[PDB]
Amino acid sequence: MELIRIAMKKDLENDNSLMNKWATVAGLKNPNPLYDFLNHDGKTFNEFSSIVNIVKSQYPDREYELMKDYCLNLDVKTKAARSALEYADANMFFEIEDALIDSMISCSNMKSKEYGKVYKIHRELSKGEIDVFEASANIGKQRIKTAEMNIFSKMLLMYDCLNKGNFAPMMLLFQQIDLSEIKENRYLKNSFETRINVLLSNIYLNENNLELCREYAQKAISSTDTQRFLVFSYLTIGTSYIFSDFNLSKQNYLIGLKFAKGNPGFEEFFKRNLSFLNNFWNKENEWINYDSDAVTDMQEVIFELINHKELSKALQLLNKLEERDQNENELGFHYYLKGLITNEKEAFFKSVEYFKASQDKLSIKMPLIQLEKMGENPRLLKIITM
């Protein structure tokens, strides 16, 4: 028996009122599916939201433990297992996800196999085990039949684009998605709606449409209880203010950091952007990671040195970064720092070009401001933002 079923019986023998609470929470018409779920092994709810809503409402502190055990007992050929994979992937519960993937790829249900293979492409691409050309080839090799994995195959490319500073394709890929084509799985369609809200938030951030960025993050926040989506919504709102309002930027990052608490991966996004925010506004930084050999961390060490007038040491560290593999957006930042250190218009022009190439309309303001101060034609600088 799965741990969730044991706990619910324990709690229900003390309190028969819990049946109606769980029925309502689970979106059931009557208690009968819940009776069946408690008493007969392998009975799944029609919608996976039923079990998640119960676990979150009744056992908020034990969600991971109970859902891990529940998911890894599911028949992997079922709708329930396919929903559980989306749950696991959405939450970045990698140990649940990878175990589901591995057993779904091997099973005889063609849908479950398709879901397993496509989520696996996402996992491989995000870890750097494959590149984007291999990912695309693997999507083509899969001969995808479901509307949902057709959509997910677009989303996984969008996630990679965002992570690799290659923003131009994201709005194009977005136009290929139609969520109304997902018919059978309301749990998953709903999860995908939240995914799309957070993706759209980032798309508008990168287009310098800050009001729409904030609107879509707020939409995600209003309709989710998944830590991952809350974290990224507050992160993206914080970034929307990074050039315009120190206090609101910081506030949103501190909120998000509190939502991230106890997940180091999530916490790191906030520490990184707080590092950048404090450096950009010339404040004493408490957030920098001096031990990391990630280029973005090393960039913040350098920016701090620039604020501390240690230009010679900043330049020596920046030269070490020229040896490193960087994406186009990262190179925007690189050349902006180089410009601040050397006072060469050349470096600011390169910074502009890299931000154009990554289709970053937010960050491009940084080198543009410096070029304006160095006597470049303001009208031309304005035209570059169009």
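Numbers follow the displayed sequence, beginning with 1.
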Requested in this report: Higher average CA B factor in the deposited record is what I'm after, so tell me if that's 171-179 or 75-83.
Outcome: 75-83
Query raised in the report: Taking only the CA atoms, which stretch has the higher mean B-factor in the record, 196-204 or 127-135?
Result: 127-135
Requested in this report: For the C-alpha B-factor as written in the entry, point me to the maximum among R228, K309, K154, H122.
Outcome: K309
Report summary line: In this crystal structure's PDB entry, the residue among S222, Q316, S191, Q299 with the greatest CA B factor is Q316
Query raised in the report: Considering only modelled residues of the same chain, in which third does the CA B-factor of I105 rank: lowest, middle or highest?
Result: highest
Query - Where the record places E95 (Cα B-factor, split into thirds across the chain) - result: highest
Requested in this report: Just say lowest, middle or highest third for the CA B-factor of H40 relative to the other modelled residues in its chain.
Outcome: highest
Query raised in the report: Lowest, middle or highest third of the chain for the C-alpha temperature factor of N185?
Result: highest
Report task. Grab the CA temperature factor for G238 from the record and place it in the lowest, middle or highest third of its chain. Result -> lowest
